[PDB]
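Single-structure report; data block below.
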Amino acid sequence: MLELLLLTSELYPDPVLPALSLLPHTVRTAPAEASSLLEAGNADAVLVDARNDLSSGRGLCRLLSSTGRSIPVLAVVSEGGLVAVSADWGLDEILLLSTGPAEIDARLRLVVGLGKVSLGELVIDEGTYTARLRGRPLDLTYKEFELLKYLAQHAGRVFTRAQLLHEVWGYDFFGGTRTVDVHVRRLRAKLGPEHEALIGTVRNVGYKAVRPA
DNA sequence: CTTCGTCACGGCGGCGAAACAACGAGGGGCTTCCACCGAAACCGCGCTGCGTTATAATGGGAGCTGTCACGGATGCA
């Protein structure tokens with residue numbers, strides 16, 4: 001009753017997951033391509049092969065992730081390869097290549113079968129990449145909107161420039177930037193006289209966010 | 001083509017940490033025994049030396065000896 005779409009170059013679903021033939025779910029196969037995500041129709045779940053290669057499997061799990069709406073993404077890895085399997089893959093469920101038929105059935109029937117938190121005086125709207133600080137208008141540049149976003153949810157957490165750099169930027173990451181200094185100085189300006197006490201900037205500890213009061 | 005985002009550039013400055021000098025409690029400087037080294041001793045005894053042996057016994061075993069020549073030093077006649 002589920003259409004499972006395999007992105008695997010094995011040309012058969014059998015060595016990727018052996019016991020799946022014991023369940024009468026339909027399996028539609030294609031090589032591990034992003035364009036075969038356009039090959040998804042009424043697929044209820046999707047399995048990626050990452051048994052020997054954790055990197056492209058994790059990135060494909062990432063390629064699916066955050067796109068929306070979304071159909072939940074699954075992957076199959078090895079047991080010594082479960083070290084890299086984490087929440088950073090964008091997984092909803094991970095499968096091993098030795099999980100049983102009723103086990104895969106239960107994981108599938110679990111996974112295929114609200115608003116933002118208010119409020120730290122900085123609302124986050126995901127549409128135009130902008131916020132709202134005690135006032136409707138709040139212009140945030142491409143990276144001056146996520147810098148506040150990064151310090152928003154991790155309020156109270158201490159983050160160094162590089163720790164911020166690789167999540168706030170791509171990052172590349174360049175050096176000798178002061179881009180944090182350029183931003184936080186700018187992010188402490190468009191926030192008006194009030195809420196200047198939203199970021200904790202003590203010397204050489206990085207740039208932590210201080211939540212009220 | 002237009003207009004916005006980013007990323008150094010350079011300084012500013014206020015924190016900040018490390019160097020330098022008022023010194024007092026763990027070492028340096030005290031006795032106080034006796035298992036001990038170490039002495040001093042008290043030995044005996046392998047180890048070397050030295051003595052004696054009482055029928056008669058009364059002359060080496062051995063060695064295999066040659067060159068080639070030559071000056072000369074040495075016993076004869």
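With ideal geometry, Cβ positions are generated from the backbone for all residues, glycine too; neighbour counts draw on all protein chains shown. Coordinate-derived values only; no laboratory data.
For chain A, how big is the tail of P(r) above 27 Å, as a whole percent of Cα pairs?
48
For the pair A:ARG188/A:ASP139, report the inter-label distance in nm, with labels modelled 7 Å from Cα in the Cβ direction.
Placing both labels 7 Å beyond Cα along the Cβ direction yields 2.2 nm.
Under 15 Å from a point placed 7 Å out from the Cα of A:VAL202 along the Cα-to-Cβ direction: which residues of the range A:153-191 have their backbone N that close?
From the range A:153-191, the list is A:156-160.
Can you compute the modelled spin-label distance between A:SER70 and A:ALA84, with each label point 7 Å from Cα toward Cβ, in nm?
Inter-label distance under the simple model: 1.8 nm.
How much FRET efficiency would the formula 1/(1 + (r/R0)^6) give for A:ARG132 and A:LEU110, where r is the Cβ-Cβ distance and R0 is 35 Å, rounded to 0.05?
Once rounded, the FRET efficiency stands at 0.40.
If I model a spin label as a point 7 Å beyond the Cα along the Cα-Cβ vector, how far apart are those points for A:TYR12 and A:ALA30 in nm?
2.3
Which three extents, in whole angstrom, do the alpha-carbon atoms of the range A:48-112 cover along their principal axes, largest first?
Taking the Cα atoms of the range A:48-112, the three principal extents are 29, 28, 16 Å.
What are the residues whose amide H is under 5 Å from the amide H of A:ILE199, where those residues sit 5 or more places off or on another chain and H is modelled from the backbone?
Under 5 Å from the amide H of A:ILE199 lie the amide H atoms of A:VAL210, each far enough along the sequence or on another chain.
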